[PDB]
Every structure is written in structure tokens, then in C-alpha cells.
């Protein structure tokens, strides 16, 4: 109910996620991948990271009135990937130009003057490979940083310099 899934992802129900009401779909295979940071509190355990994903979703749903947490996936410093909207549902991370053509993944915390531990970066790339494997991402997939497509500081000076070293990253 219903998992044989992939790159070890914590499912919605596991992090006590309110149900999603979002219906719009993404046409896979998908082209772009946007990396952002939540700009929120960071966590480094599964217990604290479950709570943080829960907290981010709540702010998005109760306060901004969105159908679900905005990101397709969330990455905690505990080294785990948190299921947001998933591979199929259009996200709300990068504005209306990019939300229907990209998969937004978000690192939990502020990474302006901080860096995510390797395990988080590992989970992230693994997450991405796991995407292609399923057909959601297209192998040619390109990684853009949040600030490359929107006036924002996200994902942070420090995380942004790292993702530039990634092999699939295009400016």
C-alpha cells in the first residue's frame, strides 16, 4: 500500500502528511530538475526531518492555501528523501513557467553559509537516477538551481556552488 519503491523514499503517510488535493499532472519523460532549499529549519534525524517536512507542508496548505506541499520531493540532512507531490503531479516550486516542465527537489534548511552533508547530496543524486529508471526523468535531464530560473537566493550560496559541479547541471 503501495510500495516496491526505488531510491529509498519516505512516503507521505510515514511523515504524517496531510492528504494531497492536487490533480494537475506532469507529462513524463520530464526535462528539467530544479534544486531549492526550504529556507526553513534544518533537521538531521528521521524523527526531526519527518516533523520538518510536516511543518513545511502545513505552511503551504493551511497558510498559502495550496493543494499539497509545493515540492515534488524533499531532502533531509538525515540522508533521506521525503515524498512530496511525487513524479506525477505538477509542483509549486519555480513559478508557472517551470512548475509544469520540471521536478523540484528541496533541501531542508538554509544553505547560504552552510552545506548539506554528503549523505543528503547522495540521496539527491540517487533520487534523480531513480527518476530516469522509472521514466519520470529523461536521461538527458538538466539540473537548474532555483535562482537560475527565479529571482531568489535559493538554494543558498554554498549549496548552489556545489550543484554547479554536478555532471547534469546546466546554467
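Positions refer to the first chain, counted from 1. We call the rigid core the largest set of C-alpha positions that still match within 1.5 Å between the two forms.
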item	value
162-170 against 1-9 - segment lying farther from this form in 8 other deposited structures of this protein (CA RMS, rigid core fit)	1-9
Mean temperature factor over C-alpha atoms, higher-scoring stretch between 137-145 and 115-123	137-145
Mean Cα B-factor comparison, 91-99 or 68-76, giving the higher one as deposited	91-99
Assigned third (lowest, middle, highest) for the C-alpha B factor of residue 62	middle
Chain-wide C-alpha B factor ranking for residue 47, given as lowest, middle or highest third	lowest
Record-listed C-alpha B factor of residue 30: chain third	highest
Among modelled residues of the same chain, the CA temperature factor third for residue 129	middle
Third of the chain's Cα B-factor distribution that residue 13 belongs to, per the entry	middle
